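What's counted below: heavy atoms across the whole structure, side chains too, no hydrogens, waters or symmetry copies. Proteins come first, then strands; the chains are lettered A, B, ... in the order of their sequence lines, and each starts at number 1. Counting convention: from 1, in listed order, for ligands and their atoms alike.
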Amino acid sequence: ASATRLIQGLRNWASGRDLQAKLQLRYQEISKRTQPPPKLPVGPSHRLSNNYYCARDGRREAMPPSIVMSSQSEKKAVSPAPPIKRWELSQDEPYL
Amino acid sequence: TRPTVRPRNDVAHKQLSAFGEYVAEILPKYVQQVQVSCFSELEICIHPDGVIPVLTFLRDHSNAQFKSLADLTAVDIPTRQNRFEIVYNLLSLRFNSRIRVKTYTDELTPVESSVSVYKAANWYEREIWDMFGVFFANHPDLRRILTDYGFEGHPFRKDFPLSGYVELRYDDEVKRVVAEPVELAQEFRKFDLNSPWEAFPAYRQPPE
Amino acid sequence: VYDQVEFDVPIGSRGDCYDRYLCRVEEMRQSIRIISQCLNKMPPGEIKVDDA
Amino acid sequence: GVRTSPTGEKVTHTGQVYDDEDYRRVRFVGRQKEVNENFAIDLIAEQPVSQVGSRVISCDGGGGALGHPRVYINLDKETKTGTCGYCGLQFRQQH
Amino acid sequence: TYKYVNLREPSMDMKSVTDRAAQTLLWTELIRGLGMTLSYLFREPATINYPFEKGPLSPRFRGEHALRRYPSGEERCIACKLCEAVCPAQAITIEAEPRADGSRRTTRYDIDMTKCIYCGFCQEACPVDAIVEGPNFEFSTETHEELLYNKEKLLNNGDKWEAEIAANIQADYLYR
Amino acid sequence: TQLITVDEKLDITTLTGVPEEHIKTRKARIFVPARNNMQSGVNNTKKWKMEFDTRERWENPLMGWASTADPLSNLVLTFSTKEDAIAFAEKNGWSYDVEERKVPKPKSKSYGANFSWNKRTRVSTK
Amino acid sequence: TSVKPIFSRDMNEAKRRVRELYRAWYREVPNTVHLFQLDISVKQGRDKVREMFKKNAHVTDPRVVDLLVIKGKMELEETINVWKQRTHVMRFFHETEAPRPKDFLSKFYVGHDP
Amino acid sequence: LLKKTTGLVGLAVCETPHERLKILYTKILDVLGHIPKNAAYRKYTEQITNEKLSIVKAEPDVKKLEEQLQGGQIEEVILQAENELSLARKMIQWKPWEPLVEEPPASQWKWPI
Amino acid sequence: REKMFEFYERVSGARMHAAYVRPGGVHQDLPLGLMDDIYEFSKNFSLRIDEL
Amino acid sequence: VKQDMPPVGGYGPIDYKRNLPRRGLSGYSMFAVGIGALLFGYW
Ligand code: SF4
Ligand code: SF4
Ligand SMILES: [Zn+2]
């Protein structure tokens with residue numbers, strides 16, 4: 001940031017870019033190293049009523065795997081999912 | 001059960017169940033079990049004589065097209081007489097799906113190599129040789145891949161200790177790195193952590 | 001939340017080192033794009049699951 | 001509150017000091033035996049007993065969430081103070 | 001939702017062909033690369049003057065370990081062995097007994113700093129803020145066993161760095 | 001045919017890479033672990049475990065740590081039945097001993113027995 | 001008791017494979033002594049090969065000796081193709097390891113191991 | 001319209017995709033006639049191959065054929081037809097419509113143990 | 001890349017091995033002013049990609 | 001509550017596309033300058 005405008009002009013000419021608008025060295029635009037103290041929020045289970053753990057127990061809703069076939073007519077041939085939709089070319093910048 | 005519980009995907013569960021029935025009835029010669037997990041992952045548990053015919057099916061069939069071998073895995077489970085559980089994770093890019101193909105072997109029965117189906121397996125089952133001692137028949141260049149060159153023992157077997165049986169040091173008498181029996185200056189401290197209370201009643205096994 | 005961010009996937013044509021170079025440079029571009037979308041769409045709330 | 005063995009070695013706040021015929025003093029030859037000379041047992045004795053007007057007192061160590069978990073101390077014994085099991089501060093009912 | 005890197009057909013009119021031939025014979029992109037290297041030549045470098053200038057750290061920084069005290073001199077560690085239970089590398093070795101005033105205190109608090117992975121699971125497992133991982137990163141030794149800290153060394157690191165450790169905890173305890 | 005008939009005992013000791021000192025001088029113990037009597041839960045008494053005889057632990061001269069030379073000092077194996085553990089130890093050439101599973105015998109409980117008319121089983125307080 | 005074989009249908013094919021592996025190691029020992037520039041003789045290296053073959057000489061299972069021949073071929077390929085260094089070849093000669101007490105009385109004198 | 005490239009490296013553009021797909025689908029059906037009728041591979045593969053062959057015979061366009069065969073480019077539809085043909089030729093030799101060759105041991109797929 | 005390691009260190013305390021993304025969420029919330037500096041990084045990083 | 005959040009209108013736009021800023025003369029013009037330098041040198 002302390003470069004003279006002659007060196008700054010030579011530098012912007014050699015790079016071809018306005019380098020002072022986007023400097024890679026950091027200055028007073030960055031955050032303070034001392035911040036105010038946060039007040040972090042609580043989640044949805046911080047409630048005093050209607051908050052039984054059995055109604056939100058994720059680990060105890062996991063089941064053993066359903067055995068579809070075990071060795072102890074004109075039905076449709078299936079796939080593991082529908083076929084994948086063809087991706088669309090970018091409207092942003094397709095390079096086309 | 002909205003915020004903290006994982007949302008269940010019923011559509012994928014029904015579709016993978018239908019495709020598991022599909023594979024179980026196209027290939028009843030080798031398919032032993034078919035299961036779908038609660039988080040919607042299909043497992044085809046097969047006989048080890050059908051490693052090539054099942055994997056060639058899923059790779060080449062027009063309703064499967066599992067063209068990618070994501071991962072090939074063994075698991076040592078010493079309580080089974082076929083202690084090694086060979087796991088083939090497969091990816092169909094056409095149907096955007098994943099399947100798991102599982103089989104078994106013990107220490108002495110060879111599994112047929114799947115390099116003719118997926119070339120990706122060339123190192124993976126090679127690693128299953130190095131880490132578990134599962135021999136793979138008709139592998140092109142089957143040898144060790146991760147251990148040291150004079151390494152005795154298959155380390156990811158669960159009877160193999162955490163520190164090994166040997167440790168290296170440089171010895172200035174012989175001017176050479178040497179191998180000696182392992183002595184730890186501090187033993188690894190085994191922690192018995194398991195609670196004496198049942199955690200998941202849905203997984204309760206029937207008693208004797 | 002990758003179904004909620006908007007970005008592009010760079011695709012090669014010749015299968016070589018150079019198109020893979022260009023794919024990685026363009027993935028840095030698209031990562032900058034996703035970072036902008038994440039900084040604007042950052043929601044309030046907790047950061048651990050509220051299952052203790 | 002450090003003392004010294006007859007070997008010339010500082011006894012730690014645990015009470016550890018090597019014997020005279022112990023060869024492991026040779027590790028301190030030309031070097032030093034690092035001890036901490038602020039014994040916590042000698043510093044928690046220097047605190048005054050808090051005279052409170054209640055029967056059950058609560059201690060968190062001070063600082064709120066920067067202390068220990070908040071425990072409750074009963075003060076029914078007039079023979080002996082009620083000591084916090086974490087920070088070692090002790091309390092006496094003022095009656 | 002995808003784009004094609006490198007699927008351009010170059011124009012075959014005489015203007016563009018002569019542009020590509022002036023590039024080939026007159027080395028135009030090579031002068032472009034020399035220009036960008038010349039452009040960094042006249043920039044101020046990013047080089048800080050270590051050891052007089054220091055890299056910027058945050059108050060969360062995980063450096064050297066320290067056993068802390070209360071504001072009475074009593075050590076915070078009440079020998080609960082949670083830090084060595086959570087310790088992913090098993091670097092922490094703890095032995096305890098009741099001492100002369102009956103208090104639950106350690107007789108051994110060792111940290112092997114050459115097993116330690118500096119992940120700070122001990123300071124977040126600790127219920128009384130006894131073990132912390134302080135701000136010192138410049139503690140390189142000349143001998144391996146100088147990095148095998150016992151309780152005396154860790155309590156001395158606490159007494160050494162406490163004026164800084166307390167302020168870092170004061171900055172970051174509302175995120176914890 | 002493509003199946004051979006091997007009537008020999010299953011022995012993989014030449015293939016495991018375990019040195020001879022830790023095959024023929026080790027005693028494997030096959031057991032269901034006892035319930036920790038600090039606690040009433042029984043979920044740690046559901047499986048068979050295999051462990052080995054504890055070897056020498058000594059004091060590290062530098063730090064006082066527990067130095068060991070036994071590689072098998074932490075090797076605890078889990079088995080669904082007793083026969084799986086026996087077969088795994090026989091396959092590996094380990095000399096083993098088996099302790100049978102100790103179940104608690106079914107007790108006879110009655111809350112009314114706390115207040116009998118004429119038996120010694122009255123509770124003096126409740 | 002009907003198991004799938006690895007290479008050998010019986011023990012005679014297995015002994016044929018053991019024998020060919022021993023021939024290949026016996027031919028390889030002088031080249032191994034030379035190009036790894038070892039301090040042992042060719043006779044001492046062939047003694048170590050014979051010791052390692054006699055170590056497994058009690059096996060009666062065809063599949064186990066098939067895996068032993070496979071692992072010997074792997075070690076031989078690691079020796080011919082110079083993938084081992086000198087240290088991996090010299091690990092068969094436990095030279096820096098002090099000799100262990102063998103009788104009862106010296107094992108009693110040194111410690112607790114049976 | 002003569003598509004310039006398929007976009008996939010090493011997957012060459014087919015000049016006549018319709019005739020190649022008709023040849024490959026009738027060849028799949030001819031190979032597939034040598035499988036027993038009750039085999040599920042035969043029933044399912046005849047079903048999907050007749051569906052794809054009727055879609056090919058119903059659409060003269062190449063682009064619309066790609067968007068209703070729904071298997072990507074037309075050349076990788078040809079590649080999948082070749083893969084299905086090779087698969088069915090292997091399924092004749094393997095005979096996987098047979099019963100199960102061997103039951104597993106009793107606790108082979110029991111998790112947890 | 002040094003500045004993005006500073007982002008890691010501001011959010012976790014380590015420059016590389018953060019142990020920050022955990023099963024259940026992340027370990028700790030973003031410190032104040034971190035998103036401003038991530039914006040200040042991203043605003044200039046396209047010029048770095050352009051000169052590469 | 002006080003939490004690390006974006007500002008009210010969000011952050012500003014961030015450039016993420018390629019900018020190779022197309023500098024230099026034409027090929028005709030560069031060969032003209034080179035041939036003119038040769039002609040001056042030859043004269
Ligand atoms: S920082 Fe991690 S590895 Fe180091 S002592 Fe603490 S818990 Fe153990
Ligand atoms: S340092 Fe903390 S976690 Fe570790 S034993 Fe002491 S009080 Fe417990
Ligand atoms: Zn207290």
Side-chain angles (χ1 to χ4, degrees), chain B residues 186 188-189 191, chain D residues 40 44 47 49-50 52 56-75 81-91, chain E residues 60-97 99 101 103-137 139 147-151 153-155 157-158 165 169 176, chain I residues 12-14 16-20 22 27:
Chain B
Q186 190 179 11
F188 182 79
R189 285 169 287 170
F191 288 167
Chain D
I44 200 61
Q47 296 299 110
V49 179
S50 178
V52 301
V56 170
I57 199 63
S58 67
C59 185
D60 58 354
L66 298 177
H68 64 80
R70 187 176 66 242
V71 294
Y72 289 91
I73 302 165
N74 197 3
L75 299 173
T81 65
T83 306
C84 178
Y86 287 96
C87 68
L89 292 171
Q90 49 191 353
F91 298 93
Chain E
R60 297 189 184 182
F61 176 71
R62 303 202 298 266
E64 191 177 6
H65 293 278
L67 287 170
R68 292 183 67 242
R69 294 181 185 271
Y70 288 110
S72 64
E74 178 62 37
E75 60 190 3
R76 285 174 174 267
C77 180
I78 35 84
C80 73
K81 301 180 178 69
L82 262 62
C83 57
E84 73 172 358
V86 80
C87 182
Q90 288 188 357
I92 302 165
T93 308
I94 298 168
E95 296 185 357
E97 80 188 3
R99 64 180 184 185
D101 59 356
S103 181
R104 181 182 169 102
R105 299 295 165 186
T106 58
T107 60
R108 181 186 294 275
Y109 197 88
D110 298 336
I111 294 171
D112 192 354
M113 300 296 285
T114 70
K115 293 184 188 179
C116 178
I117 75 170
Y118 297 90
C119 73
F121 290 182
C122 51
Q123 68 177 353
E124 71 191 10
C126 186
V128 293
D129 295 332
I131 189 64
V132 294
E133 193 169 1
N136 192 6
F137 60 96
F139 63 109
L147 291 174
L148 271 66
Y149 291 178
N150 58 10
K151 187 181 176 183
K153 175 73 174 180
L154 290 167
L155 285 173
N157 285 321
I165 293 168
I169 294 170
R176 295 177 178 177
Chain I
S12 68
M16 283 176 61
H17 304 305
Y20 182 70
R22 299 195 184 185
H27 168 256

Practice task
Indicate yes or no: does E/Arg99 engage E/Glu74 in a salt bridge with an N to O separation below 4.0 Å.
Solution key: yes
Practice task
Just need the protein heavy atom nearest to atom 8 (Fe) of ligand 2, so name the residue and atom and give the distance.
Solution key: E/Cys80 SG, 2.3 Å
Exercise for the section: Answer with side chain, backbone, both or neither: which part of E/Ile131 has a heavy atom less than 4.0 angstrom from an atom of ligand 1? Expected result: neither
Practice task
Enumerate the atoms of ligand 1 whose separation from the nearest heavy atom of E/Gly120 is less than 4.0 angstrom.
Solution key: 1 (S), 2 (Fe)
Exercise for the section: Would you mind running through ligand 2 and noting each atom that sits below 4.0 Å from a heavy atom of E/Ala79? Expected result: 5 (S), 6 (Fe)
Exercise for the section: Compare E/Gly63, E/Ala89, E/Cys119, E/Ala125 and give the one whose heavy atom is closest to atom 2 (Fe) of ligand 1. Expected result: E/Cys119
Completion exercise
The protein heavy atom nearest to atom 4 (Fe) of ligand 2 is E/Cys83 SG, 2.3 Å
Problem - Protein contact to atom 5 (S) of ligand 2 [nearest heavy atom, distance to 0.1 Å] - result: E/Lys81 N, 3.0 Å
Fill in the blank from the handout: Taking only non-hydrogen atoms of E/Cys126 and a 4.0 Å limit, the atoms of ligand 2 in range are 1 (S), 2 (Fe), 3 (S), 7 (S)
Fill in the blank from the handout: For E/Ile94, the atoms of ligand 2 under 4.0 Å from one of its heavy atoms are 5 (S)
Completion exercise
So the atoms of ligand 2 within less than 4.0 Å of a heavy atom of E/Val128 turn out to be 7 (S)
Handout entry: Check: D/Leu89 main-chain N/O paired with D/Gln47 side-chain donor or acceptor under 3.5 Å
Key = no
Exercise for the section: Would you mind listing which atoms of ligand 1 come within a distance below 4.0 Å of any non-hydrogen atom of E/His65? Expected result: 1 (S), 4 (Fe), 5 (S), 6 (Fe)
Practice task
Applying side chain to side chain contact (heavy atoms under 4.5 Å, CB included) between D/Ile73 and each of D/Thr81, D/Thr83, D/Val52, D/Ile57, report the one that passes.
Solution key: D/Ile57
Practice task
Hey, can you tell me if D/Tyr86 and D/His68 have their rings parallel, tilted or perpendicular (30° and 60° cut-offs)?
Solution key: parallel
Handout entry: Any donor-acceptor N/O pair, E/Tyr118 side chain to E/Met113 backbone, under 3.5 Å
Key = yes
Practice task
Find all atoms of ligand 2 within a distance of less than 4.0 Å from any non-hydrogen atom belonging to E/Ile78, and give their numbers and elements.
Solution key: 7 (S)
Handout entry: Distance filter under 4.0 Å to E/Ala130 heavy atoms, resulting ligand 2 atoms
Key = 1 (S), 2 (Fe)
Exercise for the section: Indicate yes or no: does E/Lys151 engage E/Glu75 in a salt bridge with an N to O separation below 4.0 Å. Expected result: yes
Exercise for the section: Confirm or rule out an N/O/S atom of E/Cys122, from backbone or side chain, lying less than 2.8 Å from atom 2 (Fe) of ligand 2. Expected result: no
Fill in the blank from the handout: Within the 4.0 Å heavy-atom cut-off, what E/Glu133 brings close to ligand 1 is side chain
Practice task
Starting from atom 6 (Fe) of ligand 2, locate the nearest protein heavy atom and write down its residue, its atom name and how far away it is, to 0.1 Å.
Solution key: E/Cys77 SG, 2.3 Å
